[PDB]
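Survey of secondary and tertiary structure
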Amino acid sequence: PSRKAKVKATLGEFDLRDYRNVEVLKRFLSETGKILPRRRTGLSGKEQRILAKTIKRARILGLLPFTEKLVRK
Amino acid sequence: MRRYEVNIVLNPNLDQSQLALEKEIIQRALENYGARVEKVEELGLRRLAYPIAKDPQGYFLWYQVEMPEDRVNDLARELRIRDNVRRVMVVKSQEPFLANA
Amino acid sequence: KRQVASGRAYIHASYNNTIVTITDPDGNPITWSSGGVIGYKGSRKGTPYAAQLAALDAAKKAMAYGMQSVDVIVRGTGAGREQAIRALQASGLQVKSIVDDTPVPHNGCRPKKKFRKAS
Amino acid sequence: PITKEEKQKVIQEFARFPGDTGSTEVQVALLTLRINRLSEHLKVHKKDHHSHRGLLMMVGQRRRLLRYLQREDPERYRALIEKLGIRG
RNA sequence: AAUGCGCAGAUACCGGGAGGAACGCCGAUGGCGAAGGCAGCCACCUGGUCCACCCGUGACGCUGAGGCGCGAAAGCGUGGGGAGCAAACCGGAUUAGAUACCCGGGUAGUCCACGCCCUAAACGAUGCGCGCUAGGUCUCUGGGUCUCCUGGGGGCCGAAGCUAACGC
Ligand SMILES: [Mg+2]
Ligand SMILES: [Mg+2]
Ligand SMILES: [Mg+2]
Ligand SMILES: [Mg+2]
Ligand SMILES: [Mg+2]
Ligand SMILES: [Mg+2]
Ligand SMILES: [Mg+2]
Ligand SMILES: [Mg+2]
Ligand SMILES: [Mg+2]
Ligand SMILES: [Mg+2]
Ligand SMILES: [Mg+2]
Ligand SMILES: [Mg+2]
Ligand SMILES: [Mg+2]
Ligand SMILES: [Mg+2]
Ligand SMILES: [Mg+2]
Ligand SMILES: [Mg+2]
Ligand SMILES: [Mg+2]
Ligand SMILES: [Mg+2]
Ligand SMILES: [Mg+2]
Ligand SMILES: [Mg+2]
Ligand SMILES: [Mg+2]
Ligand SMILES: [Mg+2]
Ligand SMILES: [Mg+2]
Ligand SMILES: [Mg+2]
Ligand SMILES: [Mg+2]
Ligand SMILES: [Mg+2]
Ligand SMILES: [Mg+2]
């Protein structure tokens, strides 16, 4: 219950401080630009804190979205 | 002196002449502001997640430096003073906190 | 008599009414409709039945500009939201894709009292 | 800030014997280094009250090491202050 | 429902501009702070704190009348600003009545600077400091030989014990 595919798993040797690694960063947002919760990233209390700061920076550079558009309804 | 990472997003539209014109001013402004320049990668242009100044693209730049702290905000100002300079993001460097590696 | 074939449907959902605008691929309205346009008055415009007619009306009106294909863009929280889609689908008009585009602030403007209670 | 090296010259200038890093003087000297930065800071940023609390505590911790030092060896006492510039 | 706005073309939709305020997700079961209280990102300038080493000093400690400083919100002064919201107020409804709850407007204010004010369910309704007295467990953050040990912090259940009880 309340568990599918975890994101820390699908990847490997990444730098959580790299705010340019779009191809890696973007795995951590939902279909909308929204930053995924811990229960889906699979990051630890800390890793998540560092990634959120990283993603935020990468949004200002215009590499990651801030918000996107749901595509079913 | 501290080690910063200067991010500069350029107007993707400029032909060769106009481009390396901006670069010259970029590097000049560094020399004037006491920015000893370590490594540097011009990562070309990339497709932006949202448009910046009506362009869906942006030309990218990245300078790892070492420069006097007291002169960073005034250096970041001077870099932004131009038109074809869309974003400037001066971050201070960090040890790369690896994860799940 | 513009002739367009391909176009967009913006469903504007609300707890109070439903308004359906049809536009060209640039976004400029060909035609529109709503609960009030189908002669309803007060609370019944929010009613999803209304929303069904409101979409069907707006459809036919546009199906006479030779529309066939629509991208749907739902944009509201309200009742008669999905039913406005249901109507859009069952009007022969090919629905090429539905997108929710309800606008939401990154916490910005102080909302009306009615809409906050505990913030 | 106060860099490691900045801080060194203070400990050398004030240590009783070599490698002494915690004699009364070395501490009073160090705090004065600290107080003087901070008091120069709040001269500019006077709305920064949270820092200002640090300051009363430095002064506090300090004007107490001195109270003890003056109780133990006024020789060293009249010395430390003349050396610094406290009591003003 | 009605005030209200709309043929001086609104609502809905696309493009451009101005501005003011707040910072979605991450985000809480979390963190920081003496308290008030603190949440977009970057930089600068600063405060507190925690661990290891067991290096320095040698009781330099605790509390603290008065004093001094800080102190949500509302409120006050001068200047600025003013998107949204909104006491008073102006209307529409509701009612037996309606100085209300609901609806449409709306000034002060909410914002910024500087100077006041000094209050609170300013709450853990629990002064600060130090020592002692089973354990389990969840969590944040250090360290070491890292299945486990050892610190600091935040919860829960519980030994003895305490309590008018509740509970601790
Ligand atoms: Mg009229
Ligand atoms: Mg007319
Ligand atoms: Mg409008
Ligand atoms: Mg517009
Ligand atoms: Mg204006
Ligand atoms: Mg606390
Ligand atoms: Mg509180
Ligand atoms: Mg510090
Ligand atoms: Mg020793
Ligand atoms: Mg000795
Ligand atoms: Mg005290
Ligand atoms: Mg106050
Ligand atoms: Mg106030
Ligand atoms: Mg005022
Ligand atoms: Mg005023
Ligand atoms: Mg005015
Ligand atoms: Mg009102
Ligand atoms: Mg209003
Ligand atoms: Mg003030
Ligand atoms: Mg008082
Ligand atoms: Mg005790
Ligand atoms: Mg570990
Ligand atoms: Mg504990
Ligand atoms: Mg706490
Ligand atoms: Mg018992
Ligand atoms: Mg008792
Ligand atoms: Mg009992």
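The PDB entry lists chain D under the name 30S ribosomal protein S15, from Thermus thermophilus. According to the record, the entry carries the title "Structure of the Thermus thermophilus 30S ribosomal subunit complexed with a human mitochondrial anticodon stem loop (ASL) of transfer RNA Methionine (TRNAMET) bound to an mRNA with an AUG-codon in the A-site and paromomycin". According to the UniProt record, the Subunit comment for chain D is "Part of the 30S ribosomal subunit. Forms a bridge to the 50S subunit in the 70S ribosome, contacting the 23S rRNA." The annotation that UniProt attaches to chain D under Sequence similarities is "Belongs to the universal ribosomal protein uS15 family."

Going by what the PDB entry lists, chain B is known as 30S ribosomal protein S6 and is assigned to Thermus thermophilus. Regarding chain B, the relevant UniProt record gives this comment under Function: "Located on the outer edge of the platform on the body of the 30S subunit." Looking at the Subunit heading of the UniProt record, one finds this comment for chain B: "Part of the 30S ribosomal subunit. Forms a tight heterodimer with protein bS18. May make transient contacts with protein uL2 of the 50S subunit during translation."

**Some words on the protein's contact with RNA strand E**
Contacts to RNA strand E come from 70 residues, most closely from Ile35, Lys46 and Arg49 of chain A, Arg110 of chain C together with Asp20 of chain D. Near the protein, within 4 Å, the atoms of RNA strand E are sugar or phosphate in 75% of cases. Between RNA strand E and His41 of chain D, the relevant distance is 2.8 Å, taken from a sugar or linking oxygen to a side-chain nitrogen or oxygen of the residue. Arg71 of chain D places a side-chain nitrogen or oxygen 3.1 Å from a phosphate oxygen of RNA strand E.

**A look at the interface of chain A and chain B**
Contacts between chain A and chain B engage 25 residues on the former and 22 residues on the latter. Summed over both sides, the interface between chain A and chain B buries roughly 2100 Å², with carbon and sulfur atoms accounting for 55% of that surface. Of all residues in chain A, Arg17, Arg20 and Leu61 of chain A bury the most surface against chain B, accounting for 29% of the area lost on that side. Taken together, the links from chain A to chain B amount to two salt bridges. In this structure, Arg20 of chain A and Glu41 of chain B form a salt bridge, with 3.2 Å as the shortest nitrogen-oxygen distance.

**Let's talk about the pairing of strand 1 (residues 6–14) of chain C**
All names here are of chain C. The sheet contact formed by strand 1 and strand 4 (residues 69–74) spans six bridges and is parallel. In the sheet register, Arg8 faces strand 4, and the bridge partner there is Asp71. Across seven bridges, the pairing between strand 1 and strand 2 (residues 17–23) is antiparallel. Bridging across to strand 2, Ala9 finds its partner in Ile22. Adjacent in sequence and paired antiparallel, strand 1 and strand 2 are bridged by two residues.

**Structural notes on the nonpolar core**
Among the nonpolar cores identified, the biggest contains 29 residues, and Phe14, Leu16, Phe28, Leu51, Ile55 and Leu64 of chain A are the most heavily contacted of them. Contributing elements (two or more residues each) for this core: helix 2 (22–25) and helix 4 (45–60) of chain A together with strand 3 (44–52) and strand 6 (85–92) of chain B. Tallying contributions element by element places helix 4 of chain A first for this core, with five residues. Setting aside its immediate chain neighbours within four residues, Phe28 of chain A contacts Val7, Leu11, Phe14, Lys34, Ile35, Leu36, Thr41, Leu43, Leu51 and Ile55 of chain A.

**Quick word on the arrangement of the chains**
Counting contacts across all two pairs of chains found in contact, the highest total belongs to chains A and B. At the level of C-alpha atoms, the two units chain B and chain D stay apart, their nearest approach being 11 Å. Over all C-alpha pairs, chain C and chain D never come within contact, reaching a minimum spacing of 27 Å.

Rules of the game
As a numbering rule, every chain is indexed from 1 in the order its sequence is written, which need not reproduce the entry's residue numbers; residues that lack coordinates are not presented. Ligands are numbered from 1 and chains lettered from A, in the order in which they are written. A larger assembly contains the chains shown, yet all values here describe just the shown part. Hydrogen atoms and water are omitted, and side-chain values are computed over all heavy atoms in the structure. UniProt positions are given in the numbering used here, feature names are shortened, and annotations may be inferred rather than shown by experiment. Being near a molecule or strand, for a residue, comes down to having at least one heavy atom within 4 Å of it. For the purposes of these results, a polar contact is taken to be a pair of N or O atoms within 3.5 Å, where, inside protein, one atom must be able to donate a hydrogen and its partner to accept one; residues adjacent in sequence count only when each atom of the pair is a side-chain atom. Contact definition: two residues touch when any of their heavy atoms are within 4.5 Å. Here the quantity called buried area is the accessible surface, traced with a 1.4 Å probe, that two parts lose on coming together, added over both. Note on definitions: salt bridges are taken to be side-chain nitrogens of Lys or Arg within 4 Å of carboxyl oxygens of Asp or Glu. Two strands are counted as paired when DSSP detects at least two bridges linking them. Helix and strand definitions here come from DSSP, where helices need a minimum of 4 consecutive H or I residues and strands a minimum of 2 consecutive E residues; each element is numbered from the N-terminal end. By convention a nonpolar core is built from buried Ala, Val, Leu, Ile, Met, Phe, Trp, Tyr and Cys residues, the set being connected through side-chain atoms within 4.5 Å. Only protein chains enter the accessibility calculation, which uses a 1.4 Å probe. A residue is then buried if its area is under 20% of the maximum for its type, exposed if over 50%, and partly exposed in between.

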